[PDB]
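Everything below concerns the one structure shown next.
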Amino acid sequence: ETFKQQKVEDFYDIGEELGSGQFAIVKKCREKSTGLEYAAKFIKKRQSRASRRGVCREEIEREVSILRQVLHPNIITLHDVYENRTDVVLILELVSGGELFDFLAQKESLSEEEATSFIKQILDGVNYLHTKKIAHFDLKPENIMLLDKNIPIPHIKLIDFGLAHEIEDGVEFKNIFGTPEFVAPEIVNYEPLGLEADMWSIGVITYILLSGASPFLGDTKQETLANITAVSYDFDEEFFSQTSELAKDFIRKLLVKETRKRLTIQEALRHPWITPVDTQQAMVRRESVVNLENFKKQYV
Amino acid sequence: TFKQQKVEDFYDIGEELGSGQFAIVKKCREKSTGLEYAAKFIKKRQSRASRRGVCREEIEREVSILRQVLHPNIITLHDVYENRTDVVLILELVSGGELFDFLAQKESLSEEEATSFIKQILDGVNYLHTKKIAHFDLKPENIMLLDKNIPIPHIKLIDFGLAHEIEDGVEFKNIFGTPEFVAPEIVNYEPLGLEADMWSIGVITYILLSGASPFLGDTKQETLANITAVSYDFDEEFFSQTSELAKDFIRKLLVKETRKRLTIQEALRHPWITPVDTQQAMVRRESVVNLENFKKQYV
Ligand SMILES: Nc1ncnc2c1ncn2[C@@H]1O[C@H](COP(=O)(O)OP(=O)(O)OP(=O)(O)O)[C@@H](O)[C@H]1O
Ligand SMILES: Nc1ncnc2c1ncn2[C@@H]1O[C@H](COP(=O)(O)OP(=O)(O)OP(=O)(O)O)[C@@H](O)[C@H]1O
Ligand SMILES: [Ca+2]
């Protein structure tokens, strides 16, 4: 294999907890031999086939195999991998700027021009993944972090490749996962999956970024899932009164059930709201404001 | 109808009995009577987008269901308290632990004794289905024993968080439950009804007799694929001693089409559960279930 069969603490000073998940716990760490800081993701290994605790080795191996391929300014980087009896430790690029949303919710003002630039960083990272036929499958606010939040315009880093999967043509992939608020119809309906699900998720994230409201979120999970499969949502003037038709058009073409009619990552990159084809479109975007009030309300 | 009062004014809260993603169960004793119960604290969800706690409407719905059910094989609701953060379900105390843990330490086990426990489960499910209540979370860890310390333990079905009342002509669809035990209609996101409970019964029986699991793959993805394809077998390695009637019982439960699947009444009427003659009963009496594989899987 490739996993270092050594004590990670022999080589890293283990620091304070960054965050935790279902089967992983992530901590700051410093490599003794270089003094360089990283994030150590301790993934609990699954002990038996019929256990809901931890992660089976093959899937961990899958996450690593994917991480080793990815080198891009908007994606986290893999440094090394260790393993003992209980855990597999992913040594990852440390992202210290927290989440993007928490940063935006901190903001005094924010135009669509500023918004689309953050969104383009995300598109840039997703474009690179899709090029290598990699589906993230876990695109959601908390997996969108910032390297350094103490600069005027922070850099985005996509994390958490636990659900990432390489798409092979002819090889049907179906599975049930992800947070209901952000999953595409083909996930809910347990239908063939591909690169398009990422694009739907981008639509949802954009909807929220601009309005503070969530397109399909119901009072209960049953409703959310029903909303998703009916593609039932609206641009409530209460929240969208200042949002530009271009933004709405961008969102509309993402939140589409038929996977084939949904915008690709390249088409998203080339959408006028992201890449204006003239002066006029640029000014409009520059004149549209994000609903920071409602956004703060929902994410506070 | 939730008492807006401190549970602790009316109960002595004892040791923690168990815990899940949303609740923590503790032993308790009512002061006025000195009777013991299990106090299940459910954290109320605070925001629609939050993944923590449970929506209050859903908790209200579970209680609405619990209040209706009185049956020896179903847990009994005693009372409901509520404070800032938690809804506290005061439930019948069950002290015998989980059925499987008890089987896993049993010396010997025949099919007769197995159908005895399965019968109790069917009785409890039948009562529910008569009132149109689908459990939707039938799995080993929700099959508890009242006593543990007797020749034949009494089964109590617990955990009604996913329970739902099936309304005629009102489609119900949702994603939930443990993959190993969910029906194809759940995986496929299709109309849900009383049939899902029956599929789960089949899986539980399959495990009980062989120690093996019918659709369990190396990953959740495979398990789901196995379920929707209804791809399983009776591996001789594990089913060598299993009676034909037993396999027929399971075979009629693990069926994709919800209209073909055995109903609870048909399950109670199956010859493996309710033999039609002396001959059938003997075959079940001499049918020994090897506990070896079961213990390997559940110790
Ligand atoms: N490189 C990193 N730097 C700082 N914090 C991180 C880093 N990677 C992950 N985290 C923390 O862990 C979370 C990311 O999820 P993680 O990669 O732990 O997935 P997981 O726990 O294996 O599965 P899931 O979290 O999806 O249930 C983030 O919320 C973040 O707070
Ligand atoms: N009535 C009871 N009497 C004694 N112990 C109980 C009782 N109910 C639950 N417990 C203990 O708590 C554990 C979990 O109970 P239960 O399965 O109802 O909740 P959960 O599965 O943790 O949460 P969820 O409702 O989200 O599934 C059980 O395994 C059991 O050990
Ligand atoms: Ca379907």
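From first to last, the protein sequence lines are chains A and B. Residue numbering for the first sequence follows the authors' numbering, beginning at 2 and increasing consecutively. Residue numbering for the second sequence follows the authors' numbering, beginning at 3 and increasing consecutively. From the three backbone atoms N, C-alpha and C, an ideal C-beta is built for every residue, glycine too.
Test: residue 221 of chain B CB closer than 9 Å to a CB of chain A: Cβ-Cβ to chain A under 9 Å: yes for residue 221 of chain B.
Using a Cβ-Cβ cut-off of 9 Å, state whether residue 227 of chain A counts as contacting chain B. Residue contact check for residue 227 of chain A against chain B: a CB pair falls below 9 Å.
Can you list the residues of chain A that residue 180 of chain B reaches, using a CB-CB cut of under 8 Å? The answer, in chain order, is 53.
One or two residues paired with residue 27 of chain B in a DSSP bridge: B:20 and B:42, per the DSSP bridge assignment.
Using beta carbons (cut-off 9 Å, strictly below), is residue 129 of chain A in contact with chain B? Output row for residue 129 of chain A: interface = no.
Compute the beta-carbon to beta-carbon distance between residue 47 of chain B and residue 180 of chain A, rounded to the nearest angstrom, for a pair I have assumed lies under 8 Å. A Cβ-Cβ separation of about 14 Å leaves residue 47 of chain B out of contact with residue 180 of chain A under the 8 Å criterion.
Which chain B residues sit within Cβ distance under 9 Å of residue 215 of chain A? Within chain B, the residues near residue 215 of chain A are 50 and 51.
Per the contact definition of three or more C-beta pairs closer than 8 Å, is the region 149-159 of chain B in contact with the region 117-135 of chain B? Result yes; three or more Cβ-Cβ pairs closer than 8 Å.
Less than 9 Å between the C-beta atoms of residue 60 of chain A and residue 163 of chain A, yes or no? It is a contact, given that the beta carbons lie within the stated cut-off.
Can you check the region 152-206 of chain A for any alpha helix (DSSP H) of at least 4 residues that lies completely inside it and give the ranges in chain order? Correct list: 186-189.
Who are the Cβ neighbours of residue 111 of chain A in its own chain at under 8 Å, not counting the five residues just before and after it? Excluding sequence positions up to five before and after residue 111 of chain A, its CB lies within less than 8 Å of the CB of 105, 290, 291 and 293, all in the same chain and listed in chain order.
Which one of A:276, A:12, A:189 and A:150 has the shortest CA to CA distance from residue 84 of chain A? Ranked by how close their Cα comes to the Cα of residue 84 of chain A, the residues A:276, A:12, A:189 and A:150 have A:12 in first place.
Does any residue of chain A have a CB that is nearer than 9 Å to the CB of residue 191 of chain B? So, interface residue.
Give a single yes or no on whether residue 133 of chain B has its beta carbon closer than 8 Å to a heavy atom of ligand 1. Remark: the C-beta of residue 133 of chain B is outside contact range of ligand 1, defined as less than 8 Å to any heavy atom.
What are the complete beta strand (DSSP E) segments, minimum 3 residues, inside the region 66-103 of chain A? For the region 66-103 of chain A, the full-length beta strand (DSSP E) segments reaching 3 residues or more read 79-84 and 88-93 along the chain.
Output yes if chain A places a C-beta closer than 9 Å to the C-beta of residue 196 of chain B; else output no. Not a single C-beta of chain A is nearer than 9 Å to the C-beta of residue 196 of chain B.
Rounded C-alpha distance that separates residue 165 of chain B from residue 66 of chain B: Taken atom to atom, the span from the alpha-carbon of residue 165 of chain B to that of residue 66 of chain B is near 10 Å.
Helix, strand or coil at residue 264 of chain A according to DSSP, with G and I counted as helix: Residue 264 of chain A falls in the coil class under three-state DSSP.
Identify the residues that DSSP records as bridge partners of residue 150 of chain A: which are they? Residue 150 of chain A is not bridged to any residue.
Which partner residues does residue 14 of chain B have in the DSSP bridge list? B:31, per the DSSP bridge assignment.
In angstroms, rounded to a whole number, what distance separates the CA positions of residue 101 of chain A and residue 206 of chain A? Looking at the two C-alpha atoms, the distance is approximately 11 Å.
Measuring only between beta-carbons, confirm whether residue 258 of chain A sits less than 9 Å from chain B. By this cut-off, residue 258 of chain A is not an interface position.
Check whether chain A comes within 9 Å of residue 175 of chain B, counting only Cβ atoms and requiring the distance to be less than that. It does: the Cβ of residue 175 of chain B has a partner Cβ on chain A nearer than 9 Å.
Could you list which residues in chain A have their beta carbon closer than 8 Å to that of residue 218 of chain B, in chain order? The contacting residues are 50 and 51.
How about residue 230 of chain B: is its C-beta nearer than 9 Å to some C-beta of chain A? Closer than 9 Å: yes.
I need the DSSP call for residue 135 of chain A, collapsed to helix, strand or coil. Here residue 135 of chain A sits in strand by DSSP.
Looking only at its chain, what residues have a beta carbon closer than 6 Å to the beta carbon of residue 161 of chain A, apart from the 5 residues adjacent to it on each side? Once the five neighbours on either side are set aside, the close Cβ partners of residue 161 of chain A are 139 and 144.
Which of the three DSSP states, helix, strand or coil, is assigned to residue 145 of chain B? Collapsing the DSSP output to three states places residue 145 of chain B in a strand.
Within chain B, partners of residue 60 of chain A - CB distance below 8 Å: Per Cβ cutoff of 8 Å: 221.
Rounded to whole angstroms, what is the Cα-Cα separation between residue 244 of chain B and residue 116 of chain B? Distance from the CA atom of residue 244 of chain B to the CA atom of residue 116 of chain B, rounded to whole angstroms, is 11 Å.
Is there a Cβ from chain A that is less than 9 Å from the Cβ of residue 299 of chain B? When Cβ-Cβ separations below 9 Å define contact, residue 299 of chain B makes contact with chain A.
Quick one: Cα of residue 221 of chain A to Cα of residue 50 of chain B, how far? Distance between the alpha carbons of residue 221 of chain A and residue 50 of chain B: 7 Å.
Any C-beta of chain B sitting closer than 9 Å to the C-beta of residue 57 of chain A? Residue 57 of chain A counts as touching chain B.
Taking the beta carbon of residue 152 of chain B as the centre, do at least 16 other beta carbons fall within 10 Å, making it buried, or is it exposed? Label assigned to residue 152 of chain B: exposed.
Distance check for residue 39 of chain A and residue 81 of chain A, CA to CA, integer angstroms please. Cα-Cα distance, rounded: 10 Å.
How would you call residue 25 of chain B, buried or exposed, if buried means at least 16 neighbouring beta carbons within 10 angstroms? With 16 or more other Cβ atoms inside 10 Å of its own Cβ, residue 25 of chain B counts as buried.
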